[PDB]
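Here is the structure we will look at, set down as structure tokens.
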Amino acid sequence: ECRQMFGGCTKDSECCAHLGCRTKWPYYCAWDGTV
């Protein structure tokens, strides 16, 4: 139960591994470095 790349988050904590949520609009689980 985690959120994949390009899924709308509220925070990194609501993303799958290898992703860091944008802390700006739009807020999606985004490519941190690997994916």
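Residue numbering restarts at 1 in every chain; chains get A, B, ... in the order shown in the structure tokens, and ligands count up from 1 in that same order.
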Legend entry - All residues 7 Å or closer to residue 14 (chain A), only C-alpha atoms, same chain fewer than 3 positions away omitted, as a ChimeraX atom specification: /A:2-3,9-11
Save out the residues we just selected, N, CA, C and O atoms, as a PDB file, in the first residue's frame.
ATOM      1  N   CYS A   2       1.470   1.592  -1.165  1.00  0.00           N
ATOM      2  CA  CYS A   2       2.230   2.837  -1.277  1.00  0.00           C
ATOM      3  C   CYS A   2       1.925   3.460  -2.617  1.00  0.00           C
ATOM      4  O   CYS A   2       1.219   2.836  -3.392  1.00  0.00           O
ATOM      5  N   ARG A   3       2.425   4.686  -2.894  1.00  0.00           N
ATOM      6  CA  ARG A   3       2.021   5.404  -4.102  1.00  0.00           C
ATOM      7  C   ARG A   3       3.168   5.492  -5.081  1.00  0.00           C
ATOM      8  O   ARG A   3       4.286   5.753  -4.666  1.00  0.00           O
ATOM      9  N   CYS A   9       0.613  12.993  -3.865  1.00  0.00           N
ATOM     10  CA  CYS A   9       0.928  12.703  -2.466  1.00  0.00           C
ATOM     11  C   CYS A   9       0.464  13.864  -1.627  1.00  0.00           C
ATOM     12  O   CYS A   9       0.118  14.893  -2.185  1.00  0.00           O
ATOM     13  N   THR A  10       0.556  13.725  -0.290  1.00  0.00           N
ATOM     14  CA  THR A  10       0.729  14.897   0.566  1.00  0.00           C
ATOM     15  C   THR A  10       2.177  15.023   1.013  1.00  0.00           C
ATOM     16  O   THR A  10       2.607  16.146   1.230  1.00  0.00           O
ATOM     17  N   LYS A  11       2.957  13.919   1.159  1.00  0.00           N
ATOM     18  CA  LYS A  11       4.331  14.005   1.648  1.00  0.00           C
ATOM     19  C   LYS A  11       5.149  12.870   1.067  1.00  0.00           C
ATOM     20  O   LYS A  11       4.570  11.971   0.479  1.00  0.00           O
TER      21      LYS A  11
END
Legend entry - Who sits within 8 Å of residue 30 (chain A), only C-alpha atoms, same chain under 6 positions skipped, as a list in words: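 Non-adjacent residues within range: residues 5, 6, 19, 20, 21 and 22 of chain A.
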Pull C-alpha atoms from the residues just selected and write them as an mmCIF file, in the first residue's frame.
data_model
loop_
_atom_site.group_PDB
_atom_site.id
_atom_site.type_symbol
_atom_site.label_atom_id
_atom_site.label_comp_id
_atom_site.auth_asym_id
_atom_site.auth_seq_id
_atom_site.Cartn_x
_atom_site.Cartn_y
_atom_site.Cartn_z
ATOM 1 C CA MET A 5 5.696 7.688 -9.509
ATOM 2 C CA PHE A 6 3.406 10.537 -10.604
ATOM 3 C CA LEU A 19 10.581 8.476 -4.825
ATOM 4 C CA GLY A 20 10.562 11.835 -3.003
ATOM 5 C CA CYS A 21 7.368 13.889 -3.207
ATOM 6 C CA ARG A 22 7.618 17.325 -4.821
#
Legend entry - Residue neighbourhood residue 18 (chain A), 8 Å, only C-alpha atoms, exclusion window fewer than 3 positions, as a list in words: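 After dropping sequence-adjacent residues, the list is residues 31, 32, 33, 34 and 35 of chain A.
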Would you put the residues from that selection into a file with C-alpha atoms, as a compact mmCIF listing (two decimals), in the first residue's frame?
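In the end it all went to part23.txt:
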# COMPACT_ATOMS: atom_id res chain seq x y z
CA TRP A 31 11.73 10.75 -9.26
CA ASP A 32 14.23 11.21 -6.39
CA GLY A 33 17.12 9.63 -8.31
CA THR A 34 16.50 5.93 -9.04
CA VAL A 35 13.04 4.49 -9.85
Legend entry - strand (DSSP E) per DSSP on the backbone: members of chain A, as a ChimeraX atom specification: /A:19-21,29-31
